Structure formats: structure tokens, C-alpha cells
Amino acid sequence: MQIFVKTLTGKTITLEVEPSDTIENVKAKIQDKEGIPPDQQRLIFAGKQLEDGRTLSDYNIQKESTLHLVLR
């Protein structure tokens, strides 16, 4: 399924993911397509900061959800 990640520079990144993908998996995908190391990434969805070992589904992140990325 697809989700989106909005950056503060105005970019929208589209990711190919499964509900069971961990947040670290998602960070790795963002790195593959944008060059940002997982440890420089903070992801925000639905008033929560997303933790590495949990999955998209643990946060009720569904198809076409938009996450917000902030760099450290």
C-alpha cells in the first residue's frame, strides 16, 4: 500500500509499505529514496512521534496516510 511523507521543505515522498512494516523499516525506505540516515529522522502522525520497533499498523496508519518528517 502507499503512504506519504511530507517534509518541511515542501516535498511529498511516496513510500511502498505493508501494514506490518516497522517504523525503522519506513526510515530505511526514506533513506533509500532521499539519502537521510534513519537516526536523523523524526516521524509524526496523529499527534504522536513514531517509535522504531512498532509497526505502521500499531499506529492505525492506513493506506494514503500522510506522515510528517522532521530532521534532527
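All residue numbers refer to positions in the sequence shown, first residue = 1. Throughout, rigid core stands for the largest set of C-alpha atoms superposing within 1.5 Å between the two forms.
- After superposition on the rigid core, the larger root-mean-square Cα deviation in 7 other deposited structures of this protein belongs to 8 to 16, not to the other of 54 to 62 and 8 to 16.
- Core superposition of the other structures onto this form places the C-alphas of 44 to 52 farther off in 7 other deposited structures of this protein than those of the other stretch among 19 to 27 and 44 to 52.
- The PDB entry records a higher mean C-alpha B factor for 30 to 38 than for its counterpart among 43 to 51 and 30 to 38.
- When the modelled residues of the chain are ordered by C-alpha B-factor, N25 sits in the middle third.
- In the PDB entry, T14 places in the lowest third of its chain by CA B-factor.
- In the PDB entry, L8 places in the lowest third of its chain by CA B-factor.
- Remark: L71 belongs to the highest third of its chain, ranked by C-alpha B-factor as recorded.
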